[PDB]
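What follows is one structure encoded as structure tokens, with my remarks underneath.
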Amino acid sequence: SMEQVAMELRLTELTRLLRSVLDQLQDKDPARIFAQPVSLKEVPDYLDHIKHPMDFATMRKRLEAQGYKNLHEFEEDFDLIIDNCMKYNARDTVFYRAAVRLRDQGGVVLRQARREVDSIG
């Protein structure tokens, strides 16, 4: 149907905008602490602590399969990256502190992304 195509075009354009958002958030992580999944070879107890691991590569795979239907879904995954780290790692660690800085800096990007998603529809 033509309606299905129109919906698919909207999803494609959301995917374009989320790709730009993802790039901007990941620039706020110059140390690349959040770039890849926590290695279960190197942290074998991780899943005992963290039930839903997340990282920027995993988000990028979902994104390129057009797997985010709305901004809320995308934000959920970004919040997991932050929140998982702030639980697993103590306050005095470079990991925790990196997550705080990512959250603070990402807030700015996400605020304007929400306006754009609503504005363009």
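Labeling convention for the structure tokens: chains A, B, ... as they appear, residues from 1 per chain, ligands from 1 in order of appearance.
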
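Look at residue 63 in chain A: the protein and nucleic acid residues within 9 Å of it, using only C-alpha atoms and passing over chain neighbours fewer than 6 places away, are residues 15, 18, 19 and 74 of chain A.
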
* Asked: DSSP says helix (DSSP H, G or I) for which residues of chain A? Put them as a VMD selection string?
  -> chain A and resid 2 to 27 46 to 49 56 to 64 71 to 88 94 to 120

Please save C-alpha atoms of the selected residues as a CSV table (one decimal), in the first residue's frame.
chain,number,residue,atom,x,y,z
A,2,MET,CA,0.9,3.6,-0.4
A,3,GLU,CA,0.2,4.2,3.3
A,4,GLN,CA,2.9,1.4,4.2
A,5,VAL,CA,5.4,3.2,2.0
A,6,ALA,CA,4.7,6.6,3.7
A,7,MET,CA,5.2,5.0,7.1
A,8,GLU,CA,8.4,3.4,5.9
A,9,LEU,CA,9.6,6.8,4.6
A,10,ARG,CA,8.9,8.4,8.1
A,11,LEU,CA,10.8,5.5,9.8
A,12,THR,CA,13.7,6.1,7.3
A,13,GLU,CA,13.8,9.7,8.1
A,14,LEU,CA,13.7,9.0,11.9
A,15,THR,CA,16.6,6.6,11.4
A,16,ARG,CA,18.5,9.4,9.6
A,17,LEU,CA,17.9,11.8,12.5
A,18,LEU,CA,18.8,9.1,15.2
A,19,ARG,CA,22.0,8.4,13.3
A,20,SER,CA,23.1,12.0,13.6
A,21,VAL,CA,22.0,12.0,17.3
A,22,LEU,CA,24.0,8.7,17.9
A,23,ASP,CA,27.1,10.3,16.4
A,24,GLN,CA,26.8,13.4,18.5
A,25,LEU,CA,26.3,11.3,21.7
A,26,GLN,CA,29.2,9.1,20.9
A,27,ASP,CA,31.5,12.1,20.4
A,46,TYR,CA,28.8,-9.1,34.5
A,47,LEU,CA,25.4,-10.6,33.8
A,48,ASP,CA,24.9,-11.4,37.5
A,49,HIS,CA,25.0,-7.7,38.0
A,56,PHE,CA,27.0,2.1,21.3
A,57,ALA,CA,27.8,-0.7,18.8
A,58,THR,CA,24.8,-2.6,19.8
A,59,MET,CA,22.6,0.5,19.4
A,60,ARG,CA,24.1,1.2,15.9
A,61,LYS,CA,23.2,-2.4,14.8
A,62,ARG,CA,19.6,-1.8,15.9
A,63,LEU,CA,19.5,1.6,14.3
A,64,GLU,CA,20.7,0.3,10.9
A,71,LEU,CA,12.9,8.5,20.0
A,72,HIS,CA,11.7,7.0,23.4
A,73,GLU,CA,13.1,3.5,22.4
A,74,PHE,CA,16.4,5.1,21.4
A,75,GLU,CA,16.6,7.0,24.6
A,76,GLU,CA,15.8,3.9,26.6
A,77,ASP,CA,19.0,2.2,25.2
A,78,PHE,CA,21.1,5.3,25.8
A,79,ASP,CA,20.0,5.4,29.4
A,80,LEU,CA,20.9,1.7,29.8
A,81,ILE,CA,24.5,2.5,28.8
A,82,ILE,CA,24.7,5.2,31.5
A,83,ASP,CA,22.7,3.5,34.2
A,84,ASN,CA,24.4,0.1,33.8
A,85,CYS,CA,27.8,1.7,34.3
A,86,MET,CA,26.8,3.8,37.3
A,87,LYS,CA,25.6,0.6,39.0
A,88,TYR,CA,28.5,-1.7,38.1
A,94,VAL,CA,37.0,6.6,35.6
A,95,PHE,CA,34.1,4.5,34.3
A,96,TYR,CA,31.4,6.0,36.5
A,97,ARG,CA,32.7,9.5,35.9
A,98,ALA,CA,32.7,9.0,32.2
A,99,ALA,CA,29.0,8.0,32.4
A,100,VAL,CA,28.1,11.1,34.4
A,101,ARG,CA,29.8,13.3,31.8
A,102,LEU,CA,28.1,11.5,28.9
A,103,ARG,CA,24.7,11.8,30.6
A,104,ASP,CA,25.2,15.5,31.2
A,105,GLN,CA,26.5,16.3,27.7
A,106,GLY,CA,24.0,14.0,26.0
A,107,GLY,CA,21.0,15.8,27.7
A,108,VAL,CA,21.6,18.8,25.6
A,109,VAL,CA,21.6,16.8,22.3
A,110,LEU,CA,18.6,14.8,23.3
A,111,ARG,CA,16.6,17.9,24.3
A,112,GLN,CA,16.8,19.3,20.7
A,113,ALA,CA,16.3,15.9,19.1
A,114,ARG,CA,12.9,15.7,20.8
A,115,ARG,CA,11.9,19.1,19.5
A,116,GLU,CA,13.0,18.0,15.9
A,117,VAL,CA,11.2,14.7,16.1
A,118,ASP,CA,7.9,16.5,17.2
A,119,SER,CA,8.4,19.4,14.8
A,120,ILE,CA,9.1,17.4,11.6

* Interatomic distance, CA of residue 50 in chain A to CA of residue 70 in chain A (Å, one decimal) ->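 One can read the CA of residue 50 in chain A to CA of residue 70 in chain A distance as 24.7 Å.
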